[PDB]
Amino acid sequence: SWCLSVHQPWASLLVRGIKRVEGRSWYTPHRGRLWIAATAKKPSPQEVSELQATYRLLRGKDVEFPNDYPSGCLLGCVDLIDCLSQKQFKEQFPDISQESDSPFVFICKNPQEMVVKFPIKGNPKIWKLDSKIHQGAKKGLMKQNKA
């Protein structure tokens, strides 16, 4: 029931698990499940090319990118396990330390991506999902998980 808005193409790289950390200028005390909504801003083909070229370097030529980078859309969720300073980030994750130069690095784990994505309007920083949106999206994910 807490969500972070992110520009595409970064947003969909997060729920895919290709992008493993998210840099910001502010610290969050939030820990645990964090939904990811794409902002309304439409990514350009140049920005897609630039990001895909960057992650082909970081993850290798085999990386499979999202087919599409939808905007203004609830995409899925990550688990926010830590919010490190850049210093702690270079120390604790030395093999991916080049992946974020930001003052604070959001450590993302266990991503899940919604097959059916809901249109949504975001807010600054980390913001509250409506209970109905939350139950709906989480119900959709259970249909993706073994029951």
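Under this definition, the rigid core comprises the largest set of C-alpha atoms superposing within 1.5 Å between the forms. Residue numbers run from 1 along the displayed sequence.
Note on 55-63 and 33-41: with rigid core alignment, C-alpha atoms in 7 other deposited structures of this protein sit farther from this form for 55-63. Farther from the shown form on average, by C-alpha root mean square after a core fit in 7 other deposited structures of this protein, is 131-139, of the stretches 14-22 and 131-139.
Relative to one another, 115-123 and 32-40 have unequal mean CA B-factors, and 115-123 is the one with the higher figure. Stretches compared: 7-15, 131-139. Higher mean C-alpha B-factor in the entry: 131-139. In the PDB entry, a CA B factor belonging to the lowest third of its chain's modelled residues is recorded for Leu51. Annotation for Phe106: CA B-factor lies in the lowest third of the chain's modelled residues.
When all modelled residues of the chain are sorted by CA temperature factor, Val78 is found within the middle third. Sorting the modelled residues of the chain by their CA temperature factor places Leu84 in the middle third. Per the PDB record, residue ranking by Cα B-factor puts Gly60 in the highest third of the chain.
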